[PDB]
Amino acid sequence: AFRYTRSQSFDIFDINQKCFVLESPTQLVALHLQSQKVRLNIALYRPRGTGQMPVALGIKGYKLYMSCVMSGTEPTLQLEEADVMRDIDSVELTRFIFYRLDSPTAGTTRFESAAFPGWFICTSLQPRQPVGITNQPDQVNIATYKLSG
């Protein structure tokens, strides 16, 4: 279903200027720096014939990737010490795949889970909380980011 084409590093902030920081291998938080700002190593993929650009999201320098998985009976965002996958050819591996959705005019971006369509990478309105996923993006959370390579 997806083949690795390349990786590229990006700076990232959410729409309220919170950036990501890695507090442990299991906790990524969004806060105002004003400590270690995280860059994403975004692996981009090509499909073949819910979004426009399939990517994996690496926490640069830490060899960790974002994945969406069921935990209990609820979708959950998590970080996995997972290898760079050349071929995403199983439902299982699609957990790592997000659609990067860019707004042409505004240059903002959202990330929708491929494994959990309708689910979006989000931050709390409050700082110092973990990043998460939601099926109500930008509704009492922020699911909107600004990226720069």
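Position 1 is the first residue of the sequence; numbering continues from there.
Taking a 6.0 Å sphere around CD of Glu74, one finds it holds 12 or fewer heavy atoms contributed by other residues, nucleotides or ligands.
The nearest pair of heavy atoms linking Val38 to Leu22 is CG2-N, 3.7 Å. For the residue pair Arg100 and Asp102, the shortest heavy atom distance occurs at NE-OD2, 2.9 Å. Residue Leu28 comes nearest to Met66 through the heavy atom pair CD2-CE, 4.3 Å, listed as atom of the first residue, atom of the second, then distance.
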The test is side chain to side chain contact (heavy atoms under 4.5 Å, CB included); show your working for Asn141 and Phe120 and say whether it passes. CA-CA 10 Å; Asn141 63 70; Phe120 296 79; over 6 Å; no
Before giving the answer on side-chain hydrogen bond (donor to acceptor under 3.5 Å, both in side chains), spell out for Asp11 and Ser148 the whole-Å C-alpha distance, their side-chain angles and the decisive distance to 0.1 Å. CA-CA 5 Å; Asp11 268 299; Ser148 65; 4.6 Å; no
What verdict does the side chain to side chain contact (heavy atoms under 4.5 Å, CB included) test give for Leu101 and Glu112, after you've listed the backbone C-alpha separation in whole Å, the side-chain angles of each residue and the deciding distance to 0.1 Å? CA-CA 8 Å; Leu101 309 176; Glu112 188 180 359; 3.9 Å; yes
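A donor-acceptor contact shorter than 3.5 Å links the side chain of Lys146 to the backbone of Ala106.
Looking only at atom types and distance, the side chain of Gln126 has no donor-acceptor partner in the side chain of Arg128 under 3.5 Å away.
Using cut-offs of 30° and 60° for the angle between ring planes, the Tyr145 and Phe111 rings count as tilted.
Contact check for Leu44 versus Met53: side-chain heavy atoms found under the 4.5 Å cut-off.
Among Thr123, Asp138, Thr108, the one residue that satisfies the side-chain hydrogen bond (donor to acceptor under 3.5 Å, both in side chains) test with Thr144 is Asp138.
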